[PDB]
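Excluded from the calculations below are hydrogen atoms, water molecules and symmetry mates; all remaining heavy atoms, backbone and side chain alike, are included. Chain identifiers are assigned alphabetically (A, B, ...) following the order of the sequence lines, protein sequences preceding nucleic acid strands; residue numbering begins at 1 within each chain.
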Amino acid sequence: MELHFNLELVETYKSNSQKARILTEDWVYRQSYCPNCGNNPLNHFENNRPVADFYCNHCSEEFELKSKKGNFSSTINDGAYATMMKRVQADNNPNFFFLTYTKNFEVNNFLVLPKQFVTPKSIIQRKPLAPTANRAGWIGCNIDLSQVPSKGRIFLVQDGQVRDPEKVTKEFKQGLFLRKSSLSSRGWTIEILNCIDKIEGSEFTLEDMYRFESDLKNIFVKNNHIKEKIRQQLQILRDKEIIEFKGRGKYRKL
DNA sequence: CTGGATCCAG
DNA sequence: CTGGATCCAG
DNA sequence: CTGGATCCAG
DNA sequence: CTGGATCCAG
Ligand SMILES: [Ca+2]
Ligand code: NA
Ligand SMILES: [Zn+2]
């Protein structure tokens, strides 16, 4: 990845907001890949499409890009409130890219946030624009990401440095199982991913997994069928291309 | 027209 | 954190 | 929807 | 039997 914008694109513009739109969307089109499946390039939706900047034409994941000069805040500016409210609840609800760029118009940080982390609760309605305003009565919104987990933020470029796309695809696919709250309970798929990651190396077996039985039992005290559950969860992780089934109780991390 | 889109600016 | 000024398109 | 339980190919 | 597939309850 190269980290600088194509400044020529914005010669004819005056608004720094509109310049940011052009420069950041061009950069992502030219330089980013699908953090879910690894497809490059992402495809750009048509202009004005609500909360819909890019799609991956391989896996159908959608992406909303939010960009800013400087540093991230937990509060993010957006578009129309009503259509945000509708898009976060859609079956094809978008994942969210966050991009920071420097005073030299180069990409400082670039991360993805899995889609489950932007919920209707996150979306804060703004006061309508005054009737003095050009867009009088427009109701915009801000997104409150304060509650998002540290681990939900998956960096593609971090403080100047491009990260390995395979580390990112791995982390994103794990991230899609991550729970909206620290207060929400354990969750099987998460706890099993946790065991998998405690196993050294790429290859493992069902017997390796059944060693975590006593540990899983403490967590899920009412589960009297732990082994069956381990097996069911491995099937879930397979269907998501997180592991491969080698046949008869043998697995490999992807 | 109306109603989406940008994030900047302070 | 809050309120706008640009842009874009059916 | 997800946690707990059941089924049966091989 | 063993491990992948499926069902049922709240
Ligand atoms: Ca955007
Ligand atoms: Na957009
Ligand atoms: Zn993809």
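For the salt bridge (charged side-chain N to carboxylate O under 4.0 Å, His left out) condition, the pairs that include at least one residue of residues 191-207 of chain A, sequence neighbours left out, are A/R186-A/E191. Applying the side chain to side chain donor-acceptor pair (under 3.5 Å) test to every pair with at least one member in residues 67-77 of chain A, sequence neighbours left out, gives these pairs: A/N77-A/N142.
A/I190 and A/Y251 fall into different hydrophobic clusters, where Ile, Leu, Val, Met, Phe, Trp and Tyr residues are linked whenever their side-chain heavy atoms come under 4.5 Å apart, directly or through other members. A single hydrophobic cluster is not seen to contain both A/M84 and A/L129; linkage of ILVMFWY side chains at heavy-atom distances under 4.5 Å, directly or through other members, places them apart. One hydrophobic cluster, built from ILVMFWY side chains closer than 4.5 Å, cannot hold both A/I123 and A/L65; they sit in different ones.
One atom, CG of A/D78, and another, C1' of C/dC1, lie 16 Å apart when rounded to the nearest Å. Remark: P of D/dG4 and CD1 of A/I219 are 12 Å apart, rounded to the nearest angstrom. Between the CE atom of A/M209 and the P atom of E/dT2 there is a distance of 18 Å, rounded to whole Å. In this structure, A/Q233 places its CD atom 14 Å from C1' of E/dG4, rounding to the nearest Å. What separates CE of A/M84 from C1' of B/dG3 is a distance of 16 Å, to the nearest Å. Across the protein-nucleic acid pair, A/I124 atom CD1 and C/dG3 atom P stand 14 Å apart, rounded to whole Å. Going from atom CD1 of A/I243 over to atom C1' of E/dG4 covers 12 Å, rounded to whole Å. To the nearest angstrom, P of D/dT2 lies 13 Å from CG of A/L178.
Sugar pucker at C/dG4: south, on the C2'-endo side, as the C1'-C2'-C3'-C4' dihedral is below zero.
A/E64 comes within contact range of the sugar-phosphate backbone alone, with a heavy-atom separation under 4.0 Å but no base atom that close. Across all strands shown, A/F45 has no heavy atoms under 4.0 Å from either base or sugar-phosphate atoms. Residue-level contact check: A/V51 touches the backbone only, with heavy atoms under 4.0 Å from sugar-phosphate atoms and none from bases. Residue contacts for A/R87: at a heavy-atom cut-off of 4.0 Å it reaches no nucleic acid atom on any strand shown. Nucleic acid contact class of A/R179 (heavy atoms, under 4.0 Å, all strands): sugar-phosphate only. As judged by a 4.0 angstrom heavy-atom cut-off over every strand, A/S17 is placed among the base-contacting residues. Backbone-only engagement by A/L206 is indicated by non-hydrogen atom pairs under 4.0 Å involving sugar-phosphate atoms exclusively. At the heavy-atom level, A/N77 lies under 4.0 Å from base atoms of the strands shown.
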**Message:** For a quick check, with a 4.0 angstrom heavy-atom cut-off, what is the B/S/- contact string for nucleotides 5-10 of chain D, read 5' to 3'?
**Reply:** BB----

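Across A/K66, A/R126, A/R87, a single residue satisfies salt bridge (charged side-chain N to carboxylate O under 4.0 Å, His left out) together with A/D78, and that is A/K66.
Between A/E62 and A/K115 there is no salt bridge, since none of the side-chain N atoms of the basic residue sits less than 4.0 Å from a carboxylate O of the acidic one.
The partner of D/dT2 is E/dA9, judged by Watson-Crick or G-U wobble contacts that both fall below 3.5 Å.
Here A/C37 contributes atom SG and A/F172 contributes atom CZ; the two are 10.0 Å apart, rounded to the nearest 0.5 Å. In this structure, CZ on A/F45 lies 10.5 Å from CD on A/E64, to the nearest 0.5 angstrom.
Taken as a pair, E/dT6 and D/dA5 qualify: Watson-Crick (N1-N3 plus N6-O4 or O6-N4) or G-U wobble (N1-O2 and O6-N3), both under 3.5 Å.
Remark: A/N224 engages A/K217 in a side-chain contact (heavy atoms from CB on, under 4.5 Å) (not counting sequence neighbours). Looking at residues two or more places apart in sequence or on another chain, you find a side-chain contact (heavy atoms from CB on, under 4.5 Å) between A/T119 and A/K121, A/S122, A/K180.
Nearest nucleotide to the A/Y251 side chain, out of C/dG3, D/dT2, E/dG3: E/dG3.
Groove assignment for A/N48 is minor, based on a side-chain heavy atom found under 5.0 angstrom from a minor-groove atom and none near the opposite groove.
Shown for residues 130-146 of chain A: residues whose heavy atoms fall under 4.0 angstrom of DNA chain C, namely A/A130, A/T132, A/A133, A/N134, A/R135, A/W138, A/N142.
Counting distance only, with no hydrogens placed and no angle test, the side-chain atoms of A/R126 and the base atoms of C/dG4 include a donor-acceptor pair under 3.5 Å.
When the nearest nucleotides of DNA chain C are assigned to A/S73 and A/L129 by heavy-atom distance, the more 5′-ward of the two goes with A/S73.
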